[PDB]
Number of protein chains: 4
Amino acid sequence: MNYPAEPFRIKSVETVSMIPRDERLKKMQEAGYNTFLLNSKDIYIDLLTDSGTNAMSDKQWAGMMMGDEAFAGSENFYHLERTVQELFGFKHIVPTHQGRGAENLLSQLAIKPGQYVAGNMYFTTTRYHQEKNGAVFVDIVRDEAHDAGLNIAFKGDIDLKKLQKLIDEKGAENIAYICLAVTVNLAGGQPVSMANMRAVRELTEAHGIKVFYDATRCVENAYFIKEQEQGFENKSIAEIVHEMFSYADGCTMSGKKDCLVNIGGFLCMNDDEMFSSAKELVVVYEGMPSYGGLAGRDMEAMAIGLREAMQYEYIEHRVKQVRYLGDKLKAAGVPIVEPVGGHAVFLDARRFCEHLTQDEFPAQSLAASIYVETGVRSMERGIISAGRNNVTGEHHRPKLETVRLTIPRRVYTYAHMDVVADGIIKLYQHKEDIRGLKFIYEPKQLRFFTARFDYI
Amino acid sequence: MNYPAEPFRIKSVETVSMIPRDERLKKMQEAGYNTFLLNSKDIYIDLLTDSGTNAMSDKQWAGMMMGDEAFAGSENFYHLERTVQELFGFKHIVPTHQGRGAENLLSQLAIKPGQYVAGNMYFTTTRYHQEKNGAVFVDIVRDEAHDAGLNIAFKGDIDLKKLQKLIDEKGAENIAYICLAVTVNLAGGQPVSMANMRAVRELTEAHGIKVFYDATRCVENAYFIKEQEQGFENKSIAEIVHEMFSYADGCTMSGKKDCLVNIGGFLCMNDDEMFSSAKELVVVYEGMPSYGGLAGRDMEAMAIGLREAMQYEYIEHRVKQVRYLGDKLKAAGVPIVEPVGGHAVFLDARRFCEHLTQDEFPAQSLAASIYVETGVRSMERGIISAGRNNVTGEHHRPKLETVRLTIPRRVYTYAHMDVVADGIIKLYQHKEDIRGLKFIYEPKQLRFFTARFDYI
Amino acid sequence: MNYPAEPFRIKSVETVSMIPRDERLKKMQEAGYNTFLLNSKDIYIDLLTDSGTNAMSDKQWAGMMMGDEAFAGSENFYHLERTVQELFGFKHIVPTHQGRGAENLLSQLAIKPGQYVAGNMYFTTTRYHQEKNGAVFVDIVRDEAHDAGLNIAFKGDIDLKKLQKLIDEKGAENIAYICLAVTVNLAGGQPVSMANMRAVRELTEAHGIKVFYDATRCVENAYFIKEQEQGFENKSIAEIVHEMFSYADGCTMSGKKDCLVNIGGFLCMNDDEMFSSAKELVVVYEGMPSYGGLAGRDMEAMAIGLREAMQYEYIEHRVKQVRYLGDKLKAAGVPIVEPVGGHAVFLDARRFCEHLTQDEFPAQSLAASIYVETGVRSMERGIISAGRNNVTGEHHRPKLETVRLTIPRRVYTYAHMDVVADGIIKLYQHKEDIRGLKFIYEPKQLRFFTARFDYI
Amino acid sequence: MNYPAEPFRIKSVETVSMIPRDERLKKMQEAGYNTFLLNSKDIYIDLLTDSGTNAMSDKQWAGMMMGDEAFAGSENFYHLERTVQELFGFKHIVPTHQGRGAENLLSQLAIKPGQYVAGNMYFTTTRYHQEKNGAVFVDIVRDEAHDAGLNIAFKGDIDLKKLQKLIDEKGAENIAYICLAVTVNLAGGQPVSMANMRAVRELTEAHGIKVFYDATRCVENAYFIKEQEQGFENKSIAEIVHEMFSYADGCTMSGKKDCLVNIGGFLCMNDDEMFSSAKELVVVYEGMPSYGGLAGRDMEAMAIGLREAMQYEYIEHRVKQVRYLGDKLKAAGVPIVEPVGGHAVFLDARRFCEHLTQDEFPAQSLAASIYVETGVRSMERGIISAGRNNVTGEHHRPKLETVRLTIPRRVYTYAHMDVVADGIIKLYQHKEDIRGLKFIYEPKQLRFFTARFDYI
Ligand SMILES: CC1=C(O)/C(=C\N=C(/Cc2ccc(O)c(F)c2)C(=O)O)C(COP(=O)(O)O)=CN1
Ligand SMILES: CC1=C(O)/C(=C\N=C(/Cc2ccc(O)c(F)c2)C(=O)O)C(COP(=O)(O)O)=CN1
Ligand SMILES: CC1=C(O)/C(=C\N=C(/Cc2ccc(O)c(F)c2)C(=O)O)C(COP(=O)(O)O)=CN1
Ligand SMILES: CC1=C(O)/C(=C\N=C(/Cc2ccc(O)c(F)c2)C(=O)O)C(COP(=O)(O)O)=CN1
Ligand SMILES: [K+]
Ligand SMILES: [K+]
Ligand SMILES: [K+]
Ligand SMILES: [K+]
């Protein structure tokens, strides 16, 4: 069915409300035109991010009451460890408080200064941890991924030709690892095919190169494979997920996404020495290998949530609800990234605001504008997020200048999607009303989080 | 909006199975085609009743952690007490575990054997307690309420002329009280007007007669007054609620309906001496005046929920959600009781299954078909629920042969309403295929709960 | 060991505090010298009752998050039903919101007007439901049970000679049933031996008389059997519990005691017809046979709690903590009921206040006095509770005029017990300071709950 | 009181197994006689650490249901913010997932390579982050702190003469900051006086040097000031806390200690520019300025818990409970570090097991014996935790060969303290029977976590 109903009931609710346009206007100014700086109670439907904003189930809340809070040997850790071993198939697990905790560990463990890390497009925290540790990032995604309007399947795939080139021009020993993300967040939540995962494994293995996945949205990815990759139609999400990771040497994971929790993450690997070193390091930044900066109750919620994510009807509905928002927007002629990805609809800021150049930050501006007319919060995913080149000092110039309508799992309904789509269509009517922005405060890294702007 | 979006978002979800049609058919058979005998774990959308099946808020769940479990003098009781005094404007309140507990107390307190209790139709528990305490029931609802097709506003209103007639024929002193229900469940959830409540108060007061309300769905009732009664456009739900009860000497309430909880109710009154007698009685059946057979956490959740029920956007959506399901069914020509009430849609199974005789249990069979085709549980409200005649062994044969689609508050979405509507509308496009049922097991009493059937 | 440590850890806490003596004095006056009328937040350690005041475990709180709130077919009901079948061994179960709900059902089901019900001492609600339904109560406990200071084992036992006499003088057909309580609350929480249960079964069976247990404190009872009855020392609590009920035709149960919950109860029986009739009746007073006036989450907590009660270390500690309070009091010469029972220490009001007669209510007075000097709340269990004879109109005159220090399960520590014992010993120092009381308001039944007094 | 009763009662309990000695011996062996390798489910009383193992209140659990899970601008953050501003009096606050996260930020913000950080002894994570950022550590604690038997008040005080010496020898500009810990964990949980904090503030301020506090057990510290520092008799815990931090430029805190939570911490500072830099850094390691790697519910629980920690009766009992265990051990002649600290009792295993050499791991073996005999887990803080020398392969051989009995807040009773004390005192009456241990598995790093032993 095109748009299935929620494969669950509502157990408990929280109120939503909208403050007037004029109140929202004061608010957008006081946040320095950065949606990141608005306050939760001032937001009606909050599509800033699907990170940590998911609704847990009654089963997970039951596990929340059974937190075994021991510093060492918590039953919750054993339950997480066993679940991840079973479902992802890696030998070892190190819990971390969230994803960038596990990225800090991997980057410190796996990178020698001056080595290359090659990935299917960059992510902000991931790239920063690679570069802080002295790696050079190389984008090996296909060119097509960078074209917003181009509707092709598995836009997340690595270009094997580009991978071959890197191996030829630099030498295998100078490549720390391949970073393969599932889905690809900045491409619009685009999936990677199993075929691509296999071919990447085969080539890297022949040269002795390691492959570490970013598992953050691996279930959404597995959904796309089931739906769209020939041969996978009668496979279960869990089977698909276990095969995906069989082509990897380990993974980083933010549980705050596809594990259906509000906090939590982990690092997995197969290598014993790397496991031993990872435990030496987790102690510095996170906590004991037996809790990694998480309460026992959160290891428990995350163990239960990751297994709930395997239910076909859950993930089908998750992905199709996002698709519904995109379909409504597209039917009205609103320009979006296509095809719609697993977790968000990305409005194409370049087309929405054809009158601005990327230098007056159309994407930051539109996000503000949607808040002002709508009370819906959305996120900048363009030139601001891309940050500065640390060799030249200029803005990285992404081809994708996008505004992200990001959907938390199990929180909103199709009627909420309708409210969002209506507000956005009206704003489209007068797209030309959206003004250029300029920096008034710029952080030294990850600048999009707390940067502040003024109109040009 | 004809249909506003949910004025809340989802905090937590309730896991459901999603079993396919073929398994649902096995479950229905194991249940002897009686939806009352289905296991909850086997049902996707459970529309058996809106009683005690509501989703609580995060604030209510917070209060669930603050239960003061004292047997006497719990802080949660004082919170419940002042909330009800504030919102309903009654002087005194006695908590009960649910509605029929309050009804038990009222009927023992307020009836002398042989006296009459007149009301706008009746509900089974309410009327049961009236009769077992010696009252004669007299229906004083307007005749229009008995016409299930008549699309008229405030169909729950008492006919003042019938009340006048009762006064003149039996004498004021032989009338124990008037029992005014808001809304009227038996008529399909039909609201009573403020004008009618005032007229009833004025006539009864001149004769010294008491009026007690069944407040169970008073908040749905208040929404209808707000939406449709000239002059109440500028009034809040709370103002309407407080005015409604100013025309009463007291009430009984099942909190499991409009107080947005899973258990709880209470008895209110203004008379000091009745309050005293009520407290003497509550200890025999329920508990102390300050717990009434409720945990402290539940008095707290009900205090919080009743106040949440006053929010305009909440009750508006609650009622418009039910209306959406009714509207969609009606647009497809599916026969329903009209107008659609505050809490449920009733299918006219006599008309739906015209090819079957009432002796083939059309409503019981339609309810079975609906579950098989959709995973939706509904309640038979026809000849089966009517029971078998005490003395002759004939069926009691009611005019209403209906299936009730009863909607718990804040549990389902419009997409779930589409599951229900689409399934029923498909069944209706080939209704003649629906098969008659026969008893294979019939208990001597409460046959609707445990009887088993097979297809003719 | 004499005084074992708690066989659990503290998971969560609530603050306790004490308001000054003068504030307590105003308070005791405004409650009309009835501890029942004080407010929970004005009480420092609340020993009014062990009914519904117990601390639940983390496992039960986990079940509280998994309430299946369906009106029919709740998984929680199936879990309760199965647990009670397994542990108590009765065929059928009907949930009720609490104990007196199940007593209302049994008394209506099993008593013909003018029949006798014979019991091992009376309880207030139990006796009232017997008499409301037209039974005459006969006390068949041994004489020894009525002597407070007499330290003998299994003071709860029925006098078989007294039972034989009743059978001889009235005829078996005029005895509705034998009511056998475990433990015996008003005797001081006194256990009944297995031998006595067997002999009672054997004699009643030969005459065709039914035996229904009051199961409210059956686990405490089972503890005493394990500890003190020869042959039972190597049996498990669960084994002992299952044998106890094998000598009964059914039971009433307040779950609010030994099932470790804050609300809940049930009625059990073996007879099919009586089960069928009980379901007809529960619908009138409580709710459906599938929930009996309980939320699904409470059926779940009660199923889990009853099974936790079977843990030997739990019940051993439960009973020995009470014994510790009694041992400290006795070592200081404070007069108590002996031996100390399962749930409470009962101060002997007659000996504490030798200067008053029972007619100036020493027990009500002392309870007030302990509150005033201590902030510890305790309960009257003497002449006030015993009520009036409904043939003569005079006070029932119990030989046991007692003040109950009642211990909620898993809430307090030995240090709390020490605070209680110290305060009470000091009050003993000046026992003569405690004044006579007289009624100023007397309820028509169960008068102790909300009766109000003034000093003579 | 020498030992007050608990100023709370139990709301809920945590289930524990209660396995007998013979099974405990098997568990210890399966754990290779290393208590760090025990499963939590196998332990009765877990005194491994007071970090993150505290029992929350009912109010905290209520706040756990009110988590506003927004990625930015959560209401729970603003609550945490204003609570810390109010209670600590720092201008700015950045949340972190726990203490070492705050330490990571501080040391990156406040240290230039080659600079000195001087402090009253150190803690391992704290000093680690100082060194890895280029600092040289200098101990400026009073010499008395190094004498574990010396029974002296405020043993945590900095020696102003050592600080003066450092200033004159290295120059103020080469001192990054002074790190003042309250209490001092390494000295046995020894408190610092207000006089010392003021003297340190005055000297450092004259030279332009910053002072940052490790606030982890500041509330235990404040209790000692209240109890023992002349002039603080009339001051509340809150007044003492606020005055303490007025002598600092900021702090790092592990909320998992004195904020009564299971996870959480924060970084405070007064300097506007450092606050700005801190927010730029927090996003790399932890999360947004308004969540810092914490769920919203946890910022809420920590806001509520920190305020609960200010209650006099609570902290008084917390500290006197630890003191009770120390007093009892000392009265029996069991050798301990003196005076007993705010959070733990340390057994002198060198003296306890005089018959063993440090090479036979007396503390590791005593910790094993304690578990076997009582079901109590303790932490080795001796030669094993000291590690093996980087370059020579010799053991690092510490002066302190101790077993730490670390007490989580609000989890245990005096009866549990008796289990611990009685078990240790019995072991001590035949200490010579305690056997030396030898390595059977030794990892290359963090050997205390995973090493395995057998008896010599
Ligand atoms: C594919 C991947 C992610 O999407 C991701 C996080 N995602 C966020 C939160 C956030 C992160 C970076 C931003 O520029 C951003 F604006 C928002 C998000 O909204 O998308 C992390 C890191 O996981 P942590 O957030 O648990 O540390 C690793 N890998
Ligand atoms: C207007 C009114 C009610 O609707 C009502 C209950 N209503 C139910 C539950 C129900 C009750 C009895 C049945 O045979 C039945 F088949 C359905 C329902 O589905 O509609 C009560 C009684 O409130 P209690 O249920 O809290 O005691 C009082 N007044
Ligand atoms: C052996 C037995 C009980 O002890 C009992 C209750 N006990 C109470 C509460 C209460 C009851 C009667 C009083 O006079 C009294 F002052 C207090 C108590 O404190 O002891 C019930 C009834 O169970 P319900 O309370 O769940 O309905 C049945 N049987
Ligand atoms: C005075 C201070 C602490 O005591 C402390 C922690 N303390 C622990 C846990 C622990 C930590 C590391 C170990 O190798 C260890 F064996 C024990 C403890 O048991 O005492 C931290 C760090 O706070 P985080 O743990 O929230 O990051 C900062 N400052
Ligand atoms: K923890
Ligand atoms: K209670
Ligand atoms: K319910
Ligand atoms: K979150």
# chains A, B, ... in the order shown; residues from 1 in each chain; ligands from 1
call {"tool": "residues_near_ligand", "arguments": {"ligand": "ligand 2", "cutoff": "7 Å", "atoms": "only C-alpha atoms and all ligand atoms", "output": "VMD selection string"}}
result
(chain B and resid 49 to 51 98 to 101 123 to 126 181 184 to 185 214 216 to 217 253 to 256 265) or (chain C and resid 287)
call {"tool": "write_last_selection", "arguments": {"atoms": "C-alpha atoms", "output": "PDB file, in the first residue's frame"}}
result
ATOM      1  CA  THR B  49     -15.106   0.658  23.968  1.00  0.00           C
ATOM      2  CA  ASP B  50     -13.825   4.098  24.861  1.00  0.00           C
ATOM      3  CA  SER B  51     -14.068   3.077  28.540  1.00  0.00           C
ATOM      4  CA  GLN B  98     -15.238   3.713  38.469  1.00  0.00           C
ATOM      5  CA  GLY B  99     -18.711   4.889  37.375  1.00  0.00           C
ATOM      6  CA  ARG B 100     -20.894   2.003  38.558  1.00  0.00           C
ATOM      7  CA  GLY B 101     -19.361   2.365  42.051  1.00  0.00           C
ATOM      8  CA  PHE B 123     -27.507   3.146  30.582  1.00  0.00           C
ATOM      9  CA  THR B 124     -27.544  -0.453  31.812  1.00  0.00           C
ATOM     10  CA  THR B 125     -25.481  -0.160  35.062  1.00  0.00           C
ATOM     11  CA  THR B 126     -27.073   3.134  35.931  1.00  0.00           C
ATOM     12  CA  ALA B 181     -26.970  11.825  31.095  1.00  0.00           C
ATOM     13  CA  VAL B 184     -26.624  10.024  25.862  1.00  0.00           C
ATOM     14  CA  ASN B 185     -24.733   6.740  25.083  1.00  0.00           C
ATOM     15  CA  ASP B 214     -24.354  11.049  34.632  1.00  0.00           C
ATOM     16  CA  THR B 216     -19.374  10.288  32.039  1.00  0.00           C
ATOM     17  CA  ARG B 217     -19.015  12.077  28.640  1.00  0.00           C
ATOM     18  CA  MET B 253     -18.900   9.974  36.753  1.00  0.00           C
ATOM     19  CA  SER B 254     -16.885   7.296  35.090  1.00  0.00           C
ATOM     20  CA  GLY B 255     -13.454   8.959  34.851  1.00  0.00           C
ATOM     21  CA  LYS B 256     -12.518   6.145  32.437  1.00  0.00           C
ATOM     22  CA  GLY B 265     -14.597   7.735  38.908  1.00  0.00           C
TER      23      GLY B 265
ATOM     24  CA  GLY C 287     -16.491  -4.219  36.087  1.00  0.00           C
TER      25      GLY C 287
END
call {"tool": "residues_near_ligand", "arguments": {"ligand": "ligand 7", "cutoff": "6 Å", "atoms": "only C-alpha atoms and all ligand atoms", "output": "list in words"}}
result
residues 52, 53, 262 and 263 of chain B; 69, 70, 295 and 296 of chain C
call {"tool": "write_last_selection", "arguments": {"atoms": "C-alpha atoms", "output": "compact mmCIF listing (two decimals), in the first residue's frame"}}
result
# COMPACT_ATOMS: atom_id res chain seq x y z
CA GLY B 52 -10.73 3.01 30.35
CA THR B 53 -8.78 2.53 27.11
CA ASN B 262 -7.69 3.92 32.53
CA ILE B 263 -9.54 3.57 35.87
CA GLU C 69 -5.87 -1.71 29.00
CA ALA C 70 -8.44 -3.60 26.96
CA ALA C 295 -6.51 -1.23 35.22
CA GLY C 296 -4.59 -3.86 33.16
call {"tool": "closest_atom_pairs", "arguments": {"of": "chain D", "to": "ligand 8", "cutoff": "12 Å", "atoms": "only C-alpha atoms and all ligand atoms", "output": "tab-separated table"}}
result
residue	atom	partner	partner_atom_place_in_ligand_line	distance
D:66	CA	ligand 8	1 (K)	11.9
D:67	CA	ligand 8	1 (K)	8.2
D:68	CA	ligand 8	1 (K)	7.5
D:69	CA	ligand 8	1 (K)	3.9
D:70	CA	ligand 8	1 (K)	5.6
D:71	CA	ligand 8	1 (K)	5.8
D:72	CA	ligand 8	1 (K)	8.9
D:73	CA	ligand 8	1 (K)	10.8
D:74	CA	ligand 8	1 (K)	8.7
D:75	CA	ligand 8	1 (K)	11.7
D:76	CA	ligand 8	1 (K)	10.5
D:77	CA	ligand 8	1 (K)	11.0
D:287	CA	ligand 8	1 (K)	10.0
D:288	CA	ligand 8	1 (K)	10.5
D:290	CA	ligand 8	1 (K)	10.4
D:291	CA	ligand 8	1 (K)	7.6
D:292	CA	ligand 8	1 (K)	9.9
D:293	CA	ligand 8	1 (K)	8.3
D:294	CA	ligand 8	1 (K)	7.0
D:295	CA	ligand 8	1 (K)	4.4
D:296	CA	ligand 8	1 (K)	5.6
D:297	CA	ligand 8	1 (K)	8.2
D:298	CA	ligand 8	1 (K)	9.5
D:299	CA	ligand 8	1 (K)	10.2
D:300	CA	ligand 8	1 (K)	11.9
call {"tool": "select_by_dssp", "arguments": {"residues": "region 319-384 of chain B", "states": "strand (DSSP E or B)", "output": "JSON, numbers by chain"}}
result
{"B": [336, 344, 345, 346, 347, 348, 376, 377, 379, 380, 381]}
call {"tool": "residues_around", "arguments": {"residues": "region 103-116 of chain A", "least_positions_apart": "2", "cutoff": "6 Å", "atoms": "only C-alpha atoms", "output": "list in words"}}
result
residues 100, 101, 129, 130, 134, 135, 136, 137, 174, 175 and 176 of chain A
call {"tool": "interface_residues", "arguments": {"of": "chain C", "to": "chain D", "cutoff": "7 Å", "atoms": "only C-alpha atoms", "output": "VMD selection string"}}
result
chain C and resid 5 7 to 16 55 to 58 410 to 412 415 to 416
call {"tool": "select_by_dssp", "arguments": {"residues": "region 122-346 of chain C", "states": "alpha helix (DSSP H)", "output": "PyMOL selection string"}}
result
chain C and resi 124-132+160-170+194-206+218-228+237-245+272-285+296-308+312-331
call {"tool": "atom_distance", "arguments": {"atom1": "CA of residue 250 (chain C)", "atom2": "CA of residue 447 (chain B)"}}
result
25.0 Å
call {"tool": "atom_distance", "arguments": {"atom1": "CA of residue 397 (chain B)", "atom2": "CA of residue 142 (chain B)"}}
result
22.1 Å
call {"tool": "closest_residue", "arguments": {"among": "C:222, C:420, C:84, C:97", "to": "residue 286 (chain B)", "atoms": "only C-alpha atoms"}}
result
C:97
